[PDB]
Amino acid sequence: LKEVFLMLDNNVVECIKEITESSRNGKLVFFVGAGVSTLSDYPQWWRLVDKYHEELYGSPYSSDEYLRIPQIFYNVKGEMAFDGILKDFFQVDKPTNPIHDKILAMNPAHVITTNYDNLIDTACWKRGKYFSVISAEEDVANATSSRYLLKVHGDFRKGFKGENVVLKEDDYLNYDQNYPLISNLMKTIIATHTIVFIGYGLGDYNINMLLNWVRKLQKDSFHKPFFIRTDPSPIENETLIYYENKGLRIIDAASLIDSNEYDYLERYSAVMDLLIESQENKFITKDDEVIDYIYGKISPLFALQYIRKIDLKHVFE
Amino acid sequence: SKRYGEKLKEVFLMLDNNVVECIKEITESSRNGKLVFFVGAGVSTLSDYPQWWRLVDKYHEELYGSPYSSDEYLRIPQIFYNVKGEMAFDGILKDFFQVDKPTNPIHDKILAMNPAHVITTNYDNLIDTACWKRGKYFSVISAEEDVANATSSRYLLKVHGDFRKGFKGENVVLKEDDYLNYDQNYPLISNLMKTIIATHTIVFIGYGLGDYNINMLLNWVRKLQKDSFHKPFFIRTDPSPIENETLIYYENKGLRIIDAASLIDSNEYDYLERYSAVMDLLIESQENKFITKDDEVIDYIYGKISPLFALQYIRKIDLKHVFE
Amino acid sequence: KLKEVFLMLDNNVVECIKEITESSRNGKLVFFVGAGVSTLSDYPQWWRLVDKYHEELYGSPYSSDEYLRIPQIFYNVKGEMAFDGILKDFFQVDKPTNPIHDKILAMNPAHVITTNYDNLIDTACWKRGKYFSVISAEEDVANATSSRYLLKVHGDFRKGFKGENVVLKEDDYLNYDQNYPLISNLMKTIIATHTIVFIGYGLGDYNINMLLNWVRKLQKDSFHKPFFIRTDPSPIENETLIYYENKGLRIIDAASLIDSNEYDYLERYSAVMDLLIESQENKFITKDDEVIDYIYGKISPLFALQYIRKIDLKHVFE
Numbered sequence: 015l016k017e018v019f020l021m022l023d024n025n026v027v028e029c030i031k032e033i034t035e036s037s038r039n040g041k042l043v044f045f046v047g048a049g050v051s052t053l054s055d056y057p058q059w060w061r062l063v064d065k066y067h068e069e070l071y072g073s074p079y080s081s082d083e084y085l086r087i088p089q090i091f092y093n094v095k096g097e098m099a100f101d102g103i104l105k106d107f108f109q110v111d112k113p114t115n116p117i118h119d120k121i122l123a124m125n126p127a128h129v130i131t132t133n134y135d136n137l138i139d140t141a142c143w144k145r146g147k148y149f150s151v152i153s154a155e156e157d158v159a160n161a162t163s164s165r166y167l168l169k170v171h172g173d174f175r176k177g178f179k180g181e182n183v184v185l186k187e188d189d190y191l192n193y194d195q196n197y198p199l200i201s202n203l204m205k206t207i208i209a210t211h212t213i214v215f216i217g218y219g220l221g222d223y224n225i226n227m228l229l230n231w232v233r234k235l236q237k238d239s240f241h242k243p244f245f246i247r248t249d250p251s252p253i254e255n256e257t258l259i260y261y262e263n264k265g266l267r268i269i270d271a272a273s274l275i276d277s278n279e280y281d282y283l284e285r286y287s288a289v290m291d292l293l294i295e296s297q298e299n300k301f302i303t304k305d306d307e308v309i310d311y312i313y314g315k316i317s318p319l320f321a322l323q324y325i326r327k328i329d330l331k332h333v334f335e
Numbered sequence: 008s009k010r011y012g013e014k015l016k017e018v019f020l021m022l023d024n025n026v027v028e029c030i031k032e033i034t035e036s037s038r039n040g041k042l043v044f045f046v047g048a049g050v051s052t053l054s055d056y057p058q059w060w061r062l063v064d065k066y067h068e069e070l071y072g073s074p079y080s081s082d083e084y085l086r087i088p089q090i091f092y093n094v095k096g097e098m099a100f101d102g103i104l105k106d107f108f109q110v111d112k113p114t115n116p117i118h119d120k121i122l123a124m125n126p127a128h129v130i131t132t133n134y135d136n137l138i139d140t141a142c143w144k145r146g147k148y149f150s151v152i153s154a155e156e157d158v159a160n161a162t163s164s165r166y167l168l169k170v171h172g173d174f175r176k177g178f179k180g181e182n183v184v185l186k187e188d189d190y191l192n193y194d195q196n197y198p199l200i201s202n203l204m205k206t207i208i209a210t211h212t213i214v215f216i217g218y219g220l221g222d223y224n225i226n227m228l229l230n231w232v233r234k235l236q237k238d239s240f241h242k243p244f245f246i247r248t249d250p251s252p253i254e255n256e257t258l259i260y261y262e263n264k265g266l267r268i269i270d271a272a273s274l275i276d277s278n279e280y281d282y283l284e285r286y287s288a289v290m291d292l293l294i295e296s297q298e299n300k301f302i303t304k305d306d307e308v309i310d311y312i313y314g315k316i317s318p319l320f321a322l323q324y325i326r327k328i329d330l331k332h333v334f335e
Numbered sequence: 014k015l016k017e018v019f020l021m022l023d024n025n026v027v028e029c030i031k032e033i034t035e036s037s038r039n040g041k042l043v044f045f046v047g048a049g050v051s052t053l054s055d056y057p058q059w060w061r062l063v064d065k066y067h068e069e070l071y072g073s074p079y080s081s082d083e084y085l086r087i088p089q090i091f092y093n094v095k096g097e098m099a100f101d102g103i104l105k106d107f108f109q110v111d112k113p114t115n116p117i118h119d120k121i122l123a124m125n126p127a128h129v130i131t132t133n134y135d136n137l138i139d140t141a142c143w144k145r146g147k148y149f150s151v152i153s154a155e156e157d158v159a160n161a162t163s164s165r166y167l168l169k170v171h172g173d174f175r176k177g178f179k180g181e182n183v184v185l186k187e188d189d190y191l192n193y194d195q196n197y198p199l200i201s202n203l204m205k206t207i208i209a210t211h212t213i214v215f216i217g218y219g220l221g222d223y224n225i226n227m228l229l230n231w232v233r234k235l236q237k238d239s240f241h242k243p244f245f246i247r248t249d250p251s252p253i254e255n256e257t258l259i260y261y262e263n264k265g266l267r268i269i270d271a272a273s274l275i276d277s278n279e280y281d282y283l284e285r286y287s288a289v290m291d292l293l294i295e296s297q298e299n300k301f302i303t304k305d306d307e308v309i310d311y312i313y314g315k316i317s318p319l320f321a322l323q324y325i326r327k328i329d330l331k332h333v334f335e
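Protein chains in written order, with the deposited numbering: chain C, 15 to 74, 79 to 335; chain B, 8 to 74, 79 to 335; chain A, 14 to 74, 79 to 335.
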């Protein structure tokens, strides 16, 4: 890892820098996708689609088929059957993977997630972090804390019901209509904080929607969000530039380390562990860097005529 | 030929009541001059027009050097348009689409059904060519400036543009950005399309039930008041018969599906006869090839003649016009 | 006088008249009729309704937004039943049609779009013998019996004198796009495909500015500029004219045309309407250049043919 940091690309180390400074400043927000939840063996949505498909046609997928078959099942089988399959599939207990702990160890100001599980919730309670968990419209006004655990797609705390969550089509279609405060809160958090996307694919629907809204913003009015890519293959150079111009700052796990095709946990950890250990590290190697770091600590003190030497231990922490 | 006529007569005889009603309503709208065809890429494919997946294949080749979900068909062209120049995108468009193709018999059948307008998502000139030969003039509208200066009453509205101005990407709705900014870039085209759908009887042909345009239109149809519109007819020509659940799902969304696979038996890759089964059912229903009982004869002649009961006498030279 | 005022017309006014008459001959003329034509027939104005709503809401008696908010408050407080009762007792009257209704019909418009919820235009069409498919509800668009529409974009009282059938209160204008998608789409299609003449609007009307806002979204030259007949008593200020003409309107001012009293709205409407009607047969030919231009416009298509029958030339020149 220290060796891995030594030949890290200059862009990645710079990306590691801004993430770390934001974590210290208390303005880091993690956008956690289903990939992190899948690491904890949570029931993936594709098997929910498979079950809905089996109960519809009798025999077991494009992007809209993930949204259409649940919508077809909801229309013709009803709300009880849709939630009945939801309950017997999602009412399970799953342990929090170490990535959930590593996400909290970054000390995020807020945690935005599209997961409807409570894995981050129980991870937060085990760690001891307090987050005001918001998954519905009323929770925004009744939030008791500044730190938000924003489940933009809802969860099953109220119950294993389809209305509590954004699963099928006509939930993504009417998302802005049924979640105006939650969508506003998510956009406000993204505008004012530095965002790291983790557990998301580069072609994920939510990433495109957020990138679609980002293009509406004026140039350089927003901080470019950070994306942790954990796909088994290295990202293509042409795809990378496309998403960087869209507004994402991509950190590619497959480029950082050599890993197996199905070993996602090591891919997630290699970026999380590199992020965690960069918190103490000063990224200090050359003499020009050494003067730059000491100057940053000392230059504000130039306003003062004299500094107590015993006070200098606070300047350098 | 003759055996096809006999088989078609048999198919119509065993046709389901709902399908018979759909055919009758379509023919009545054709007679009324209120019929509009919404032609998809399946009809253009039936003439071996280069499908978009080959274009995405070439874009992927030029992008990564190696050779698709629903998002990919729109994203990979956008990837190419961004990382590469507009000139390369337009050059690939030109070398793939600057071809001439024959007009398939489905084009001729569509025009023989006498459509008041023809809306199409195809950027080819195949429907233009078919319209031109039959002697019926259609005001082709493919750009924004074409809406205002529309010459005639009949519009051939290409909602996704075409290559009449040139083989350039800005004239067509191909990549992901074009679909995102379609409403802003095509206000008048979209408005005209929606008005034609609202005021006419629409028949979708050449589309899959999971098509982007079909889903978008059904999304707009949701916003309308209940029973404020006429349900468009959908001619489904997929190899396998439509599932009952999918059928009821899409019928409750505001579609009247005529499933070609459910009407006739055909081979999996045999699309042309699946299109021709429905088209010919409609046409020979128009040509009265399907009436066989004396009750139908009296009903047809009464429908032609009963309005003339208001008049006292009718010239025999006009009775020829009454029966076309 | 009509001939005399014609010989002194501004060049742009003559061009506007030429365009309007050319579109009328081609059957591509549509009249967007405002409340000014309706009040000319003494149909009750909306400010009297606002006055009654204020009198019931408060003791005794507005801003532009108040005209929509006071009815909104009265609705929300007193009830749809009370709103219905006031509308019924105020609007269930019989008023004769104006000569300007007959003038608009004599212009032979392809469609008549109107924000009026009265039946004055319907009565004029029925009297003149003009058959129009009246579209005032959402279900009327699909059931229209003809391709010539009498589009009442704000509804009317055919179904009943109920507030739900019309667009009066503040919520109606807020939810108009959600409540009237088909009617608004048809209106915008007619605007895009036809030549539009606005009559009965005050250039500061809600609907005029909303249409101008929608026109703003359209491409630079994808649309034709609608014509606006301004019949306010005072001549339009030059800066206001420049502003509204740069927004996509071609304004013909009645006050700039003839001189009349402040309250002589009938005369101001009639001046423009008769100047349009009497120009149908006129060809605007004074100089030899105009003679050659007109004859060339008639003859040049015949250059494709190798020869023309002389007896067929009477059809060329009508």
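Ideal Cβ placement from N, Cα and C applies to all residues, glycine included.
message: According to DSSP, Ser150/A sits in a beta bridge with which residue or residues?
response: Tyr166/A
message: Run through the DSSP bridge pairs and tell me what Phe244/C is partnered with.
response: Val214/C, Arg267/C
field: Range covered by the alpha helix (DSSP H) that runs through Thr131/C
entry: Here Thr131/C belongs to no alpha helix (DSSP H); instead the beta strand (DSSP E) covers 128 to 131.
message: Please confirm whether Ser239/B has its beta-carbon closer than 8 Å to some beta-carbon of chain A.
response: yes
message: 8 Å is my cut-off, CB to CB: does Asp82/C come that close to chain B?
response: yes
task: Give a yes or no on whether the C-beta atoms belonging to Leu137/A and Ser54/A are separated by under 8 Å.
output: yes
- prompt: For the stretch 154 to 161 of chain C against the stretch 127 to 136 of chain C, are there 3 or more C-beta pairs whose distance is under 8 Å?
  reply: no
Where the stretch 181 to 193 of chain C meets chain B: residues whose CB sits under 8 Å from a CB there: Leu191
- prompt: In the structure shown, what three-state DSSP assignment does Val46/C receive?
  reply: strand
message: Using 8 Å for Cβ pairs, my map puts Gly12/B next to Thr248/B. What's the rounded Cβ distance?
response: 20 Å between Cβ atoms; not a contact.
message: Closer than 9 Å between beta carbons: that is the criterion. Which residues of the stretch 217 to 250 of chain A meet it against chain B?
response: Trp231, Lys234, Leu235, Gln236, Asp238, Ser239, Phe240, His241
message: So, with DSSP's three-state summary, where would you put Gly221/B?
response: coil
query: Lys205/B versus chain A: which residues are under 7 Å apart at the beta carbon?
result: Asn202
query: Is the stretch 190 to 208 of chain C touching the stretch 111 to 123 of chain C, taking contact as three or more C-beta pairs under 8 Å?
result: no
message: Taking 7 Å as the cut-off, is the C-beta of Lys304/C nearer than that to any heavy atom in the ligand FMN?
response: Ligands in the displayed structure: none, and consequently the ligand FMN is not present.
field: For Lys31/A, the nearest candidate out of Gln89/A, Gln236/A, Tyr166/A, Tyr311/A (CA to CA)
entry: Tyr311/A
task: Assuming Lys41/B and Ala127/B form a contact by the criterion Cβ under 8 Å, report the distance between their Cβ atoms to the nearest whole angstrom.
output: 6 Å
- prompt: Mind checking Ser239/C: buried by the 16 CB within 10 Å criterion, or exposed?
  reply: exposed
message: Under 8 Å: do the stretch 222 to 231 of chain C and the stretch 57 to 66 of chain C share three or more Cβ pairs, one atom per stretch?
response: no
query: Would you call the stretch 20 to 34 of chain B and the stretch 176 to 195 of chain B touching, i.e. three or more CB-CB distances under 8 Å?
result: no
- prompt: Looking at the unbroken alpha helix (DSSP H) that takes in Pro88/B, where does it start and where does it end?
  reply: 83 to 94
C-alpha gap between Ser277/C and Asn226/B, whole angstroms: 41 Å
query: Can you tell which of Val170/C, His118/C, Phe107/C has the C-alpha that lies nearest to the C-alpha of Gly146/C?
result: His118/C
field: Contact list for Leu199/B against chain A, beta-carbon separation under 9 Å
entry: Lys205, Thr206, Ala209, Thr210, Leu235, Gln236, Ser239, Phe240
task: Quick one: give me the first and last residue of the alpha helix (DSSP H) that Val158/C is part of.
output: 156 to 159
- request: Give me whichever residues DSSP pairs with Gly172/A in a beta bridge.
  value: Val183/A
task: Name the two residues that bound the continuous alpha helix (DSSP H) containing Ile312/C.
output: 305 to 316
- request: Look at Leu266/A and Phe245/A and say whether their C-beta atoms are less than 8 Å apart.
  value: yes
message: For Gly102/B and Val46/B, what's the separation of their Cα atoms in angstroms?
response: 27 Å
query: Residues of chain A with CB under 9 Å from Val158/B, in chain order?
result: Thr206, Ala209, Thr210, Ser239, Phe240
Closer than 8 Å at the beta carbon, the chain B residues around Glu155/A: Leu235, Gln236, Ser239
task: Kindly say whether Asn115/C, judged by its beta-carbon, lies nearer than 8 Å to any beta-carbon of chain B.
output: no
field: Short CB-CB distance (under 8 Å) between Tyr166/C and chain B
entry: no
query: Given that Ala321/A touches chain B, what residues does it touch there, using C-beta distances under 8 Å?
result: The contacting residues do not exist; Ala321/A stays about 17 Å from chain B at best.
task: Rounded to whole angstroms, what's the CA-CA distance from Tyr223/A to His67/A? Just pull it up for me.
output: 21 Å
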